[PDB]
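A.B. asks: Mind looking over this structure? Questions follow.
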Amino acid sequence: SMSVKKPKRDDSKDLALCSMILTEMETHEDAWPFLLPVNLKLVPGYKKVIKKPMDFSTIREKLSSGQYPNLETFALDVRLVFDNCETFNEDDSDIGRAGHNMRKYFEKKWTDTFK
């Protein structure tokens, strides 16, 4: 509360470390469904059904331009990519499996870097 603060967690490396995690996600062999925005002209249903589209390239641009106020807002966009994937794709599809694999990969890197 006013003039009463918990001890200052060092956040000065967070930008660098989110960039490294994002690099690792970009270079994973199962990243291909997620590298670019879904083409809303060419994929029936996507525009209407997925209210907040997100992809790695869009997270990368946001990251590079100071659009994440903190590391939690970065984790929310990454998770959004996988939550959108599960909303639109059957679990038993190459893309559905890709999304599950990538979410697991991400959550381990997140825990090991920050928790």
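We name chains A, B, ... following the order of the structure tokens; residues begin at 1 in each chain, and ligands are numbered from 1 as shown.
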Would you mind listing what lies within 12 Å of residue 59 (chain A) as a ChimeraX atom specification, with only C-alpha atoms counted and same-chain residues fewer than 5 positions away left out?

C.D. replies: /A:18-19,21-23,25-26,34-37,53-54,64-68,73-81

A.B. asks: Extract, using only C-alpha atoms, all DNA, RNA and protein residues at most 12 Å from residue 40 (chain A), discarding same-chain residues fewer than 4 positions from it, and format them as a list in words.

C.D. replies: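 Contacts, in chain order: residues 36, 44, 45, 46, 47, 48, 49, 50, 51 and 53 of chain A.
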
A.B. asks: From a DSSP calculation on the backbone, collect every residue of chain A in alpha helix (DSSP H) and output the set as a short mmCIF file (atom, residue, chain, number, x, y, z; two decimals) with N, CA, C and O atoms, in the first residue's frame.

C.D. replies:
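Dumped everything to part.cif:
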```
data_model
loop_
_atom_site.label_atom_id
_atom_site.label_comp_id
_atom_site.auth_asym_id
_atom_site.auth_seq_id
_atom_site.Cartn_x
_atom_site.Cartn_y
_atom_site.Cartn_z
N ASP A 14 14.35 -9.10 -18.28
CA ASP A 14 13.12 -9.79 -18.75
C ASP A 14 12.97 -9.68 -20.28
O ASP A 14 12.54 -10.69 -20.93
N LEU A 15 13.19 -8.49 -20.82
CA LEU A 15 13.13 -8.24 -22.31
C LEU A 15 14.02 -9.18 -23.13
O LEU A 15 13.56 -9.88 -24.03
N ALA A 16 15.29 -9.26 -22.76
CA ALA A 16 16.20 -10.18 -23.31
C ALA A 16 15.83 -11.62 -23.20
O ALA A 16 16.04 -12.43 -24.12
N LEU A 17 15.44 -12.02 -22.02
CA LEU A 17 15.04 -13.40 -21.82
C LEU A 17 13.70 -13.81 -22.59
O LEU A 17 13.61 -14.95 -23.06
N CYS A 18 12.70 -12.93 -22.60
CA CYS A 18 11.48 -13.22 -23.45
C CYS A 18 11.89 -13.37 -24.95
O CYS A 18 11.36 -14.25 -25.62
N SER A 19 12.82 -12.49 -25.42
CA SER A 19 13.35 -12.56 -26.81
C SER A 19 14.03 -13.93 -27.09
O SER A 19 13.72 -14.57 -28.05
N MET A 20 14.83 -14.43 -26.16
CA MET A 20 15.46 -15.71 -26.29
C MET A 20 14.44 -16.83 -26.30
O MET A 20 14.56 -17.75 -27.06
N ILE A 21 13.47 -16.80 -25.38
CA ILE A 21 12.43 -17.81 -25.40
C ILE A 21 11.66 -17.80 -26.75
O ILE A 21 11.38 -18.87 -27.29
N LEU A 22 11.35 -16.62 -27.22
CA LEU A 22 10.60 -16.44 -28.47
C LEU A 22 11.41 -16.99 -29.63
O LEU A 22 10.85 -17.72 -30.47
N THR A 23 12.76 -16.77 -29.62
CA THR A 23 13.67 -17.32 -30.66
C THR A 23 13.61 -18.84 -30.69
O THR A 23 13.53 -19.46 -31.78
N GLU A 24 13.57 -19.46 -29.52
CA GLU A 24 13.52 -20.88 -29.39
C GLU A 24 12.17 -21.41 -29.94
O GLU A 24 12.12 -22.44 -30.55
N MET A 25 11.10 -20.69 -29.69
CA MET A 25 9.78 -21.08 -30.23
C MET A 25 9.76 -20.92 -31.77
O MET A 25 9.32 -21.88 -32.45
N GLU A 26 10.30 -19.81 -32.28
CA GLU A 26 10.38 -19.56 -33.71
C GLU A 26 11.16 -20.65 -34.49
O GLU A 26 10.81 -20.94 -35.64
N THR A 27 12.14 -21.26 -33.86
CA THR A 27 13.04 -22.20 -34.52
C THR A 27 12.63 -23.66 -34.26
O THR A 27 13.18 -24.57 -34.84
N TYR A 46 -12.47 -18.29 -39.74
CA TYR A 46 -11.45 -17.83 -38.74
C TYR A 46 -11.71 -16.48 -38.19
O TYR A 46 -11.71 -16.26 -36.93
N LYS A 47 -12.04 -15.58 -39.11
CA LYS A 47 -12.30 -14.20 -38.73
C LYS A 47 -13.43 -14.09 -37.70
O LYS A 47 -13.32 -13.41 -36.69
N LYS A 48 -14.53 -14.79 -37.96
CA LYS A 48 -15.69 -14.73 -37.03
C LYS A 48 -15.53 -15.45 -35.71
O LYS A 48 -16.08 -15.09 -34.65
N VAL A 49 -14.86 -16.58 -35.77
CA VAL A 49 -14.78 -17.40 -34.61
C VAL A 49 -13.68 -16.95 -33.65
O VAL A 49 -13.88 -17.04 -32.42
N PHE A 56 3.41 -15.76 -33.72
CA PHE A 56 4.78 -15.42 -33.33
C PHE A 56 5.29 -14.15 -33.94
O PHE A 56 6.00 -13.43 -33.27
N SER A 57 5.07 -13.93 -35.27
CA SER A 57 5.58 -12.70 -35.91
C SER A 57 5.00 -11.39 -35.30
O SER A 57 5.76 -10.39 -35.16
N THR A 58 3.73 -11.41 -34.93
CA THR A 58 3.04 -10.35 -34.28
C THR A 58 3.57 -10.18 -32.83
O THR A 58 3.90 -9.05 -32.39
N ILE A 59 3.85 -11.27 -32.14
CA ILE A 59 4.46 -11.13 -30.79
C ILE A 59 5.86 -10.54 -30.94
O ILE A 59 6.29 -9.73 -30.11
N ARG A 60 6.63 -11.00 -31.94
CA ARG A 60 7.98 -10.49 -32.18
C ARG A 60 7.99 -8.97 -32.45
O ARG A 60 8.81 -8.24 -31.84
N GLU A 61 7.07 -8.48 -33.24
CA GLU A 61 7.00 -7.06 -33.55
C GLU A 61 6.59 -6.24 -32.26
O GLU A 61 7.07 -5.12 -31.97
N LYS A 62 5.61 -6.77 -31.53
CA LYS A 62 5.16 -6.15 -30.28
C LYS A 62 6.38 -6.06 -29.29
O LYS A 62 6.59 -5.02 -28.59
N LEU A 63 7.11 -7.14 -29.16
CA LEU A 63 8.27 -7.22 -28.30
C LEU A 63 9.35 -6.18 -28.64
O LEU A 63 9.82 -5.42 -27.78
N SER A 64 9.73 -6.17 -29.91
CA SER A 64 10.70 -5.26 -30.42
C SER A 64 10.31 -3.80 -30.35
O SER A 64 11.21 -2.95 -30.62
N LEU A 71 6.49 -8.93 -18.32
CA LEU A 71 6.63 -10.31 -18.85
C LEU A 71 5.25 -11.09 -18.81
O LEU A 71 5.07 -12.03 -19.58
N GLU A 72 4.29 -10.74 -17.93
CA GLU A 72 3.00 -11.42 -17.92
C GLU A 72 2.13 -11.14 -19.17
O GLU A 72 1.38 -12.01 -19.62
N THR A 73 2.24 -9.92 -19.72
CA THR A 73 1.46 -9.57 -20.85
C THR A 73 2.06 -10.35 -22.04
O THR A 73 1.32 -10.70 -22.91
N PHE A 74 3.38 -10.58 -22.05
CA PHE A 74 4.06 -11.42 -23.11
C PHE A 74 3.55 -12.85 -23.02
O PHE A 74 3.08 -13.37 -24.02
N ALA A 75 3.46 -13.42 -21.78
CA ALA A 75 3.00 -14.84 -21.61
C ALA A 75 1.53 -15.00 -22.05
O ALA A 75 1.17 -16.01 -22.68
N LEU A 76 0.73 -13.97 -21.82
CA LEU A 76 -0.68 -14.00 -22.22
C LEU A 76 -0.85 -14.12 -23.79
O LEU A 76 -1.70 -14.86 -24.28
N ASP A 77 -0.09 -13.35 -24.55
CA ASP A 77 -0.09 -13.45 -26.02
C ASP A 77 0.43 -14.79 -26.51
O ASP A 77 -0.15 -15.31 -27.48
N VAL A 78 1.51 -15.33 -25.91
CA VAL A 78 1.98 -16.64 -26.30
C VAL A 78 0.82 -17.67 -26.07
O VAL A 78 0.54 -18.50 -26.93
N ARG A 79 0.22 -17.69 -24.86
CA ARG A 79 -0.83 -18.66 -24.52
C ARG A 79 -2.03 -18.46 -25.46
O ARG A 79 -2.64 -19.46 -25.86
N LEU A 80 -2.37 -17.22 -25.83
CA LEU A 80 -3.41 -16.92 -26.77
C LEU A 80 -3.19 -17.66 -28.09
O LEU A 80 -4.18 -18.16 -28.67
N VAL A 81 -1.93 -17.73 -28.57
CA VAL A 81 -1.63 -18.45 -29.82
C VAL A 81 -2.12 -19.94 -29.67
O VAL A 81 -2.81 -20.48 -30.55
N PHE A 82 -1.81 -20.56 -28.54
CA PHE A 82 -2.23 -21.95 -28.36
C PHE A 82 -3.68 -22.21 -28.06
O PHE A 82 -4.24 -23.24 -28.53
N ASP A 83 -4.31 -21.30 -27.32
CA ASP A 83 -5.72 -21.31 -27.08
C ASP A 83 -6.55 -21.11 -28.30
O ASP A 83 -7.47 -21.90 -28.54
N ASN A 84 -6.14 -20.20 -29.19
CA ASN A 84 -6.76 -20.08 -30.51
C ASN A 84 -6.64 -21.38 -31.36
O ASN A 84 -7.62 -21.81 -32.02
N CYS A 85 -5.45 -21.95 -31.37
CA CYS A 85 -5.22 -23.20 -32.05
C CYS A 85 -6.17 -24.32 -31.58
O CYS A 85 -6.76 -25.02 -32.41
N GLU A 86 -6.31 -24.47 -30.27
CA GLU A 86 -7.22 -25.50 -29.70
C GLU A 86 -8.69 -25.21 -30.02
O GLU A 86 -9.48 -26.14 -30.28
N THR A 87 -9.05 -23.93 -30.10
CA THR A 87 -10.42 -23.54 -30.47
C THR A 87 -10.80 -23.96 -31.93
O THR A 87 -11.93 -24.37 -32.23
N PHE A 88 -9.85 -23.86 -32.82
CA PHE A 88 -10.11 -24.06 -34.24
C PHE A 88 -9.70 -25.40 -34.83
O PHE A 88 -10.12 -25.70 -35.96
N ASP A 94 -2.50 -32.57 -37.54
CA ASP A 94 -1.12 -32.14 -37.39
C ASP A 94 -1.02 -30.80 -36.68
O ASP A 94 -0.14 -30.61 -35.85
N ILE A 95 -1.87 -29.85 -37.06
CA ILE A 95 -1.85 -28.52 -36.40
C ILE A 95 -2.25 -28.59 -34.93
O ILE A 95 -1.58 -27.94 -34.07
N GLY A 96 -3.25 -29.42 -34.60
CA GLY A 96 -3.74 -29.58 -33.22
C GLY A 96 -2.59 -30.13 -32.33
O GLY A 96 -2.40 -29.68 -31.22
N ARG A 97 -1.87 -31.14 -32.82
CA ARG A 97 -0.74 -31.72 -32.14
C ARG A 97 0.43 -30.74 -32.00
O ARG A 97 1.05 -30.66 -30.91
N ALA A 98 0.67 -29.98 -33.07
CA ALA A 98 1.68 -28.93 -33.05
C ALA A 98 1.43 -27.98 -31.92
O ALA A 98 2.42 -27.62 -31.25
N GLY A 99 0.17 -27.57 -31.73
CA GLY A 99 -0.17 -26.62 -30.67
C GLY A 99 0.03 -27.12 -29.28
O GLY A 99 0.63 -26.46 -28.42
N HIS A 100 -0.38 -28.37 -29.04
CA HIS A 100 -0.10 -28.99 -27.78
C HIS A 100 1.37 -29.11 -27.52
O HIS A 100 1.79 -28.83 -26.41
N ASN A 101 2.20 -29.54 -28.51
CA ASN A 101 3.63 -29.67 -28.32
C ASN A 101 4.29 -28.30 -27.96
O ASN A 101 5.15 -28.16 -27.06
N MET A 102 3.91 -27.27 -28.74
CA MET A 102 4.49 -25.94 -28.57
C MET A 102 4.13 -25.33 -27.21
O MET A 102 4.97 -24.61 -26.60
N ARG A 103 2.93 -25.56 -26.75
CA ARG A 103 2.50 -25.05 -25.39
C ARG A 103 3.33 -25.71 -24.28
O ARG A 103 3.88 -25.00 -23.41
N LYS A 104 3.47 -27.03 -24.36
CA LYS A 104 4.40 -27.72 -23.44
C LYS A 104 5.83 -27.20 -23.47
O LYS A 104 6.43 -26.94 -22.42
N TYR A 105 6.43 -27.03 -24.66
CA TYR A 105 7.73 -26.50 -24.83
C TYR A 105 7.85 -25.10 -24.17
O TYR A 105 8.87 -24.78 -23.50
N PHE A 106 6.86 -24.23 -24.44
CA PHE A 106 6.85 -22.88 -23.91
C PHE A 106 6.78 -22.86 -22.34
O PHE A 106 7.62 -22.17 -21.73
N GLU A 107 5.88 -23.65 -21.75
CA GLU A 107 5.61 -23.61 -20.34
C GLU A 107 6.83 -24.09 -19.54
O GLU A 107 7.13 -23.50 -18.45
N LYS A 108 7.56 -25.09 -20.06
CA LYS A 108 8.81 -25.49 -19.46
C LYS A 108 9.87 -24.38 -19.50
O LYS A 108 10.52 -24.09 -18.46
N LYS A 109 10.11 -23.76 -20.67
CA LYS A 109 11.05 -22.66 -20.76
C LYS A 109 10.66 -21.52 -19.80
O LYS A 109 11.56 -20.81 -19.29
N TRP A 110 9.37 -21.27 -19.66
CA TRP A 110 8.85 -20.15 -18.84
C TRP A 110 9.18 -20.40 -17.33
O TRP A 110 9.78 -19.56 -16.69
N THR A 111 8.82 -21.57 -16.85
CA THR A 111 9.12 -22.06 -15.51
C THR A 111 10.61 -22.06 -15.24
O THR A 111 11.02 -21.51 -14.22
N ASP A 112 11.41 -22.65 -16.12
CA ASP A 112 12.84 -22.70 -15.87
C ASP A 112 13.52 -21.36 -15.91
O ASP A 112 14.57 -21.21 -15.29
N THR A 113 13.03 -20.40 -16.70
CA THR A 113 13.68 -19.10 -16.79
C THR A 113 13.31 -18.15 -15.63
O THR A 113 14.11 -17.33 -15.23
N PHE A 114 12.08 -18.24 -15.16
CA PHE A 114 11.44 -17.21 -14.34
C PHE A 114 10.89 -17.73 -12.96
O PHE A 114 10.67 -16.91 -12.11
#
```

A.B. asks: Given the choices A:39, A:5, A:33, A:11, which gets closest to residue 69 (chain A) if the distance is worked out from only C-alpha atoms?

C.D. replies: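 Among the listed residues, the smallest separation from residue 69 (chain A) belongs to A:11.
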
A.B. asks: What is the distance between CA of residue 55 (chain A) and CA of residue 32 (chain A), in Å to one decimal?

C.D. replies: 10.3 Å
